[PDB]
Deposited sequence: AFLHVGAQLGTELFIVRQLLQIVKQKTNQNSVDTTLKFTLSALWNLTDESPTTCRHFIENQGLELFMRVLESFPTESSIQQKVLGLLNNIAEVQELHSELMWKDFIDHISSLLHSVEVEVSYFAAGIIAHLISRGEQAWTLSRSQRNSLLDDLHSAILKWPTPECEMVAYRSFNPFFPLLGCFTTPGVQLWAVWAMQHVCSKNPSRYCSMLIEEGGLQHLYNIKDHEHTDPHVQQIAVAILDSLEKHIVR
């Protein structure tokens, strides 16, 4: 039995709010312990593929909280990894785009994009890639930082070493729009790089998911677009032969 019809959504939003309260406590106590880490995990997991949870996170000031956990633990890469990963889930949500065009937010993650901890930088790139993908007038912040950041995104991915599981997906669908941003080649480079990674270390799961969800057509579409960035085109042909 349960409380009433529909009570499940109410208690998921309640759980989100209590987890955020724990995060706030821990940050206040400067206490990097196992339950803070598990709270960041649980939050990150609940935002997975749930626009509703991501909306709630925002509405309970979670973005300001996570800016503060980033400022209070600048040496804890596992922590920033969970923080930015959840924020990557949020940047995946189109109606939430305006919420992230905060100056201190974008500044902090443009800082973290240049970490050499790929575990950390991958999700900062995710955030920036999704954001820039929304187009020009959608960008309500400094036009010059948009133009800077897309180049830096491209450059920082190129420096990535091949990691030793950074991330897991149930679907590639949030990637496919990125794959078509020829105007902005770092967005694609992040997408194809992410795909190459997850396909390369758990192919049984991920190559299948990719094919079933119609990825081949998109990759291959980059292929015959004769005027694409050569870094992107190279990664995409690697991914294609992986299947083909």
| query | finding |
| --- | --- |
| Segments lacking C-alpha coordinates (deposited sequence numbering, starting at 1) | 165, 246-250 |
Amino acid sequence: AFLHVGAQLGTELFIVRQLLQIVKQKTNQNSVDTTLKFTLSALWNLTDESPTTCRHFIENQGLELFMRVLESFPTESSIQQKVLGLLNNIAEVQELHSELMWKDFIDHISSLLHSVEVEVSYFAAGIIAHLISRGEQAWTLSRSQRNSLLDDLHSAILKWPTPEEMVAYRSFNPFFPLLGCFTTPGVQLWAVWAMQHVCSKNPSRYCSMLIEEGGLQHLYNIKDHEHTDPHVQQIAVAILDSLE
From here on, numbers count along this sequence of modelled residues.
property	result
Between 218-226 and 14-22 (mean CA B-factor, as deposited), the higher	218-226
Entry-level comparison of average CA B-factors, 42-50 and 207-215, reporting the higher stretch	207-215
Criterion, highest CA B-factor; candidates, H114, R170, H130, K82	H114
Chain thirds of CA B-factor: placement of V32	highest
Cα B factor band for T183 (lowest, middle or highest third within the chain)	highest
Among modelled residues of the same chain, the CA temperature factor third for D104	highest
Record-listed C-alpha B factor of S144: chain third	highest
Third assignment of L86 from its chain's C-alpha B-factors	lowest
